[PDB]
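Take a look at this one chain, the form deposited in one PDB entry, written out in structure tokens.
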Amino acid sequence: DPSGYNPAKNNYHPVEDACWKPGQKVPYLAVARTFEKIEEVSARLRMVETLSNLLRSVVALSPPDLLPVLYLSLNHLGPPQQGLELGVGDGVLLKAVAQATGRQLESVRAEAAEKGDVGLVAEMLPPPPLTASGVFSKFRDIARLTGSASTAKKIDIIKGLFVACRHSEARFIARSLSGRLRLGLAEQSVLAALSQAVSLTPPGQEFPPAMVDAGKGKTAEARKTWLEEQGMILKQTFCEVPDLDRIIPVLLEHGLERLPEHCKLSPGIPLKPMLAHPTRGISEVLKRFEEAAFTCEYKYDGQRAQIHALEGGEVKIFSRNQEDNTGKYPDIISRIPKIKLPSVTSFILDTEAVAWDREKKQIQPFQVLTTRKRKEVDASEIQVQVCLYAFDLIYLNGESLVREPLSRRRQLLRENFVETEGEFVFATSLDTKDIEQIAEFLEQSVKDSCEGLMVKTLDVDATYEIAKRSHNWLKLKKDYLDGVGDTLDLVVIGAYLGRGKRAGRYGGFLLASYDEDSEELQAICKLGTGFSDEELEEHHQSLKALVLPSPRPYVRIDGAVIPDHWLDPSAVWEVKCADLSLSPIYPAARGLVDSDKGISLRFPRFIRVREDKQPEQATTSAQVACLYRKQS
């Protein structure tokens, strides 16, 4: 009985402690009971082990369900570059729920907002019990339902799913659709749990499996290490082929050990991008790399563009998330041929797309960049031109460069490509360990419009193996190598109820500057981070008192999300941020830099209260108007 299924048990025997029949279909209730047991717990290690247990039973018992089960725990419809979308929102989900509960949208709505978890507002001849595999496909059905009137159709399935739910199934199905599963394990851990499962109870065995715990006899530490070694195998592979549709069947078919031999990098499938650690300044950069020659480069403020040239001539570009941006970029593709040497048969390029002034001949702001149509490659309709900045070469003429040093890689890159100003050009690099030198670069970097500096090592810990270290590169961000970036004092003019972790307190706030010509507090931006847990809990108390049933006459939100609660304006906070932009939603300093747009803060973060300031001695609209003005 799956209602008693307990993947968190001790001496879990895959065959025995399973709660379905061999070769039969994995029950969702099993998947939910697992989710339950994981959430019961804090130890990531315990959580992975539990997930592992369901997994080992899936492998041993019902291999074809492994994929669905994985996707379910990952809460994803499928491969990134397939771009499936639930297309339910909160509100659709909401009405679905109210319908199924025989409640009214409001009561339901209220309860969800307050409890901060749709899953709880979520809980005759009921259908047969929900199958793990069935649930996923129903999800995939919802997603597929597009175009006109499709919403009611989407609602139909959800409600069905709900009426079908047997125990806690409801809440978990609710959260999934809500896009807020809250499991505590995502890609790494699920990857982890998969590796373990497949390592402890291998696929391929006639039933029942004569090898049920490959770890037996290993001491604990021993079993740990061994497990982590196996882990890296799967983990590095997914990295080059981050696509379960691909991995799993191969895994199941050849086992973890030989997985790599049968799953490789190939242009046309996106691979996971190398990431970056934030650095507190040159000091620490030199320390981290204090025994490793490194390079410096401009951190261009564009979007990342993985360029794939297939030997057959076609070419696909992917986002930081393996999303298919081919189509975004008709202009890029036609320019591909003049980008490479004749001998170059195939390549995978690491690049930033940047908004470009073919006229003024200069990098335009990232906002400019975001103005291009996403879908159509009506290549003539391109109002905003783009320039690619190259900085890495993953793969070249049949061969993967993944296991090569940045040195080798970059060299190959320069040696085989051909730049054209404002079209395609190598990132400005600098090779030093000189403190002042670096600082100089950093300033020139912002002086040529760049977030600042990337710092990468050249031949020490310097390959493209993300499984060893994703954030393997460092960024020096003007912010604190400056000393202290844009920072304002703003007035808290309303809270928003928080969810999940933020559940049951305030999740966020609405902040206003002070316009004195209007003599009113203009909502500037929302604020949702920077505070500690404690800090928050303290905030929740005081502000609680200040909740008013209406706004003050001097408060001006417009386009802004009506606070959940309106606060009595008194709290001034001190906020940092990376930049400024003309908001089409924010009144603060409207008319001052734009005739229409106000301005907001970019990457806003709470820093501390200024318990001396009153809201009128907050930061000022022309003060903001000032800051924005200085930006360019």
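Here, rigid core means the biggest group of C-alpha atoms that superpose within 1.5 Å across both forms. Residue numbers here begin at 1 and follow the sequence given.
If you look for the form deposited in another entry, you will not find it shown, but the lines that follow are about it.
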| remark: After rigid core alignment between this form and the one not shown, the listed option with CA shift of 2 Å or more out of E535, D141, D245, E229 is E535
| Any chance the CA of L580 moves 2 angstroms or more between this form and the one not shown, core superposed? | yes
| request: Using a superposition on the rigid core, decide whether the Cα position of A292 changes by 2 angstroms or more between this form and the one not shown. | output: yes
| message | Following rigid core alignment, is the displacement of the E16 C-alpha between this form and the one not shown equal to or greater than 2 angstroms? | response | no
| Given that the distance between the C-alpha atoms of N472 and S195 changes by 3 Å or more in that other deposited form, do they end up closer or farther than here? | farther
| request: Once you account for a change of 3 Å or more, let me know if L256 and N472 sit closer or farther in that other deposited form, using their C-alpha atoms. | output: farther
